[PDB]
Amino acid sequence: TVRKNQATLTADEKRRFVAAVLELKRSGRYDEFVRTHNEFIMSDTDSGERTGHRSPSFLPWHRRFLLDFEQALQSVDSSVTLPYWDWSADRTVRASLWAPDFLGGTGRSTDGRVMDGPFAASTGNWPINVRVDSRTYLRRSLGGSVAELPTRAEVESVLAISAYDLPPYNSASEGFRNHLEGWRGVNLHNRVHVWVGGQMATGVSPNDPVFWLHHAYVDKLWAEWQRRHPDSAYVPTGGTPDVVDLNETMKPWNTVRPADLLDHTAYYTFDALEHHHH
């Protein structure tokens, strides 16, 4: 399994990815990923149990969720792997990611409805079923609620932080995880959700297929952080209430721990990942 930069996919790879995603939607499997994500993002809380977000396990949790999704895609087309979106590089509305042969573009200004690409509601192939309001069409407002996507310099400043995470292990933390998630500092992951807008900015954000490409890049940034800091590792390592410690298992699977997901190479590699250097 090699996860590739979306911008580098061939036309045949784009076609096969889109088709596998539409088949997971048609068969009813796609929407249960949306629902699981919704359940955790509405439950993960700074003052209580927190597993998928606002906590050290944000990164291993999303790594295992994306693996479950990639495995579902490979069950439809074994050649398909999850691509990633480097939003530091591919940062305008004219990026090929947003072309009608891949994810389609921004939403029209009246109702934010996406009007082109394979996921436009007019296709009849992308009903929004798991939702928080009456609208059943994909919406986006690229660059509408926040001006700019993160830059590489901003990404580098976060990758430079040595501590994986820090007490109190929530949205108030200093440390790498919370800066990558974006609750403190220049803001990487949260701001990208806001920049896309539409469902991507809400608690049913996997309704937009760009969800997976964004999270696959966030996942790559964790891998990059590990190469930059081979000496630094997941924390906490024991006895922390409400937080998943290194050797504790994670919901909803219960059969995997952060410790099992630190090394992505047991499951996939990237098209390119610098080895450790100075």
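We call the rigid core whatever largest set of C-alpha positions still superposes within 1.5 Å between the two forms. Numbering starts at 1 and runs along the sequence shown.
> If you line up the core and then measure how far each C-alpha sits from this form in 9 other deposited structures of this protein, which stretch comes out higher, 132 to 140 or 90 to 98?
Clearly, after the core fit, the stretch farther away in 9 other deposited structures of this protein is 132 to 140.
> Higher mean Cα B-factor in the deposited model: 106 to 114 or 197 to 205?
It is 106 to 114 that shows the higher mean C-alpha B-factor.
> Between 54 to 62 and 233 to 241, name whichever shows the higher mean Cα B factor according to the PDB entry.
Comparing averages over the C-alpha atoms only gives 233 to 241.
> Based on what the PDB entry reports, which of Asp219, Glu70, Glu49, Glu32 has the top C-alpha B-factor?
It is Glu49.
> Between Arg140, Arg191, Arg152, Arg177, which one tops the list for Cα B-factor in this entry?
Comparing C-alpha B-factors across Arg140, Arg191, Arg152, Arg177, the top value belongs to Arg152.
> Hey, what third does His215 fall into on Cα B-factor, ranked over its chain?
According to the entry, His215 has a C-alpha B-factor in the chain's lowest third.
> Name the third of the chain's ranked CA B-factors that contains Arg16, choosing lowest, middle or highest.
For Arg16, whose C-alpha B-factor we compare with every modelled residue in the chain, the answer is the lowest third.
> Is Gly124 in the lowest, middle or highest third of its chain when residues are ranked by C-alpha B-factor?
Ranked within chain, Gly124 CA B lands in the lowest tercile.
> Tell me, lowest, middle or highest third: where does the Cα B factor of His37 rank within its chain?
For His37, the deposited C-alpha B-factor lands in the middle third.
> Going by the recorded CA B-factors, say which third of the chain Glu181 sits in, lowest, middle or highest.
Lowest third.
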